[PDB]
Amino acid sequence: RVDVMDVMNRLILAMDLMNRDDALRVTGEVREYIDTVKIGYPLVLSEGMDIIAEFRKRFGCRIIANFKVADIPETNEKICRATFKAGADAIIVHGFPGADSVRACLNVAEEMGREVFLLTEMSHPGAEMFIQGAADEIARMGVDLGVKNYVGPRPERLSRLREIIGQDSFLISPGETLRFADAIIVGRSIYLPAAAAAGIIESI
């Protein structure tokens, strides 16, 4: 889809390391295979938001801030603005706090020409308590709001999500997977690199 983000080799690196030196080393070593990196709070809180621009300048990669924003509208707006000002191309937002909280993020993304990814579901143990049961409705909420980028969770769940958001929407998830998702997210299998990344790409 021309209107959606193009992820090199359909492979997104989940850079969850907290040490700047280690984070930079791994990412640089795989830049020939990946152009999209997902960074979270562990690294940013430990090294500072300036690390986002560093990644973009040193490697020319797209940065997705895996912040899972889940605050009230006004605060969500501020978090998004600060994150986009720091250079992030996109931000991941929780849907459980409701539509207004998601729209607050969409508004800033609109004004700054950036992107919002809606996290529809999580797959860790405790996710079955409240998240699993709200996943479909959260995905539908996103669709009704015009959200075009989604982060999905179980093969059959990914299939259900794709059904709700349509064939046009951009979907990323951590052979089978790429039948529904537009790009796969890989972490440890890489940063824990160039050979590993090359293998995964060759595998798909």
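Throughout, we count residues from 1 along the sequence that is shown.
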Counting only residues of the deposited sequence, how many between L192 and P193 have no atoms in the entry (none, 1 to 3, 4 to 9, 10 or more)? 1 to 3
In terms of residues present in the deposited sequence but not modelled, what lies between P42 and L43: none, 1 to 3, 4 to 9, or 10 or more? none
For the stretches 50-58 and 158-166, which has the higher mean C-alpha B-factor as given in the deposited record? 158-166
Selected stretch [higher average CA B-factor]: 70-78 or 119-127: 119-127
Between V151, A65, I138, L178, which one tops the list for Cα B-factor in this entry? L178
Ranking the modelled residues of this chain by C-alpha B-factor as given in the entry, is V30 in the lowest, middle or highest third? highest
